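Chain by chain, the residues:
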Amino acid sequence: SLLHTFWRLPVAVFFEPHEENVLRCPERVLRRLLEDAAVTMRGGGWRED
Amino acid sequence: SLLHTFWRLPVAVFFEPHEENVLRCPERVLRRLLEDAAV
Amino acid sequence: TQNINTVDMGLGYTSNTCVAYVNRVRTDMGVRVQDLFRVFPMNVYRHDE
């Protein structure tokens, strides 16, 4: 009747999937870090040379 | 940066390995993988 | 049904028996040791790993 240890279920707060649960993106920093990569991967390096 | 989910209150799970597991690396492994993707 | 009634008719032990003959064994006389996990199906450790 003392401090023993048993197998409780591991409680973890999660989220079941839905159709309108969106992953929002930081536009003004991460798209503007993607901007220079998108403009620098157009010209050259086509893997056909 | 943080996402927008529909169900505002989070759910306790059975934690079936028969289903898909849920992104189970803690903040230590996140910061370590940040260093590994850096160097 | 048939209600029968028996009353003893002797002070001392009037009926003797003895373990006399043995045919076979049901067990194996083996050494396959039982497991403590099924006889205690609730106890686990604390750390999950």
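This entry lists cryo-EM as its structure determination method and reports a resolution of 4.0 Å.

Notes on the pattern of salt bridges
Residue and element names in this part refer to chain B. Counted according to the given criterion, the structure contains one salt bridge over all chains. Measuring nitrogen to oxygen at the nearest pair gives 2.9 Å for the salt bridge that ties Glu27 to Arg31. With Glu27 and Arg31 both in helix α1 (residues 27-38) and four residues apart, the pair spans about one turn of that helix. In this structure, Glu27 and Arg31 share a single accessibility class: exposed.

A short note on the interface of chain A and chain B
Each partner contributes to the interface: chain A provides 15 residues, whereas chain B provides 16 residues. Summing the contributions of chain A and of chain B, the shared interface buries around 1600 Å²; its carbon and sulfur component is 67%. Its largest share of buried area at the contact with chain B, chain A owes to A:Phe14, A:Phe15 and A:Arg24, together 40% of the area lost on that side. On the surface where chain A and chain B come into contact, there are zero salt bridges. Inspection of the chain A/chain B interface yields four residue pairs in polar contact. Its residues placed into classes, the side of chain A that touches chain B shows ten nonpolar, two polar and three charged. As paired strands, strand β1 (residues 13-14) of chain A and strand β1 (residues 11-12) of chain B are joined by two bridges and run antiparallel to one another. Paired with A:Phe14 across the bridge in β1(B) is B:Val11.

Each value, and the rule that gives it
- Residues numbered from 1 in each chain as written, not as in the entry; some residues may be left out.
- Chains lettered and ligands numbered in written order.
- Part of a larger assembly, values for the part shown.
- Heavy atoms only, no water.
- Salt bridge = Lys/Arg side-chain N within 4 Å of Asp/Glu carboxyl O.
- Helix = DSSP H or I, 4+ residues; strand = E, 2+ residues; numbered from the N terminus.
- Buried < 20%, exposed > 50% of the residue type's maximum accessible area, 1.4 Å probe, protein only.
- Contact = heavy atoms within 4.5 Å.
- Buried area = accessible area lost by both parts, 1.4 Å probe.
- Polar contact = N/O pair within 3.5 Å; in protein donor to acceptor, adjacent residues only side chain to side chain.
- Nonpolar A, V, L, I, M, F, W, Y, C, P; charged D, E, K, R; others polar.
- Pairing = 2+ DSSP bridges.

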